[PDB]
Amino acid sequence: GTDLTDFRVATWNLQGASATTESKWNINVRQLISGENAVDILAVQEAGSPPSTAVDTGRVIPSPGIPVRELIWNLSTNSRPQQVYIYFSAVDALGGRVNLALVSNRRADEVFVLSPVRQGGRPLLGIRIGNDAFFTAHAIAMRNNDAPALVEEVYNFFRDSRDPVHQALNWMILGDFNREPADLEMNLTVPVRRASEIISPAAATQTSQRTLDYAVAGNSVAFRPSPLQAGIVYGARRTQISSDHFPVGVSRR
């Protein structure tokens, strides 16, 4: 119990494309995951292609026909955070504008790959570190979209586990839900509402003043609210990155 507060996590839709993401990874993602205020886990949407120097470990990951690879990314041989692990899903083997990733400063103990909940939707990619699981999500930009069903899929996945320790993992879904926080909350079933909390920043997370990028923390057997808060990473700076979404960080209030 009392888990998620040990981690600084974040989510960023970097609006990347497979052919041109080198700077967004080698500069912008690198800055989020290293240095004095590094996040431990970063969820990425529209991830493009991973850094050219990150190398597949060959880890065998069970998956229901969804591409997923573990890569090691060596960042330095001095700077405290020396290497990180990337879990990358090429969603399209074609244009590549809706790929997903998780970056972590610890190897994943377990990797989760859950199927899309709607035709044309993205899968859910998650990792477990100890008693906590973290997912990256990218709901469809449409009216009345798949965000509630994505959250419901994660809640049911853990509830249905045969192992009681897996049923009680603390989970967090970080992503671009493509609807505002209250709009997601009101469209969840009663048991999922009572078993989770939405953690969202007070500010807009994209340039159109909408709050679309945030986190849902939950536990499928015994939920207790966590003292977590979300904020805009770099909210105090005027940034010139080629994404219309801002990174959103989550950690203890």
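The numbering used is simple: start at 1 and walk along the sequence shown.
Stretches compared: 69-77, 103-111. Higher mean C-alpha B-factor in the entry: 69-77. Comparing 156-164 with 92-100, the stretch with the higher mean C-alpha B-factor in the PDB entry is 92-100. Within the selection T205, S226, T57, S49, the deposited Cα B-factor values reach their highest point at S226. Per the deposited record, the Cα B-factor of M142 falls in the highest third when ranked against the other modelled residues of its chain. Placement of the Cα temperature factor of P191 within the chain: highest third of the modelled residues, per the deposited record. Among all modelled residues in this chain, the alpha-carbon of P201 has a temperature factor (C-alpha) in the middle third.
Annotation for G218: CA B-factor lies in the lowest third of the chain's modelled residues. When all modelled residues of the chain are sorted by CA temperature factor, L42 is found within the lowest third.
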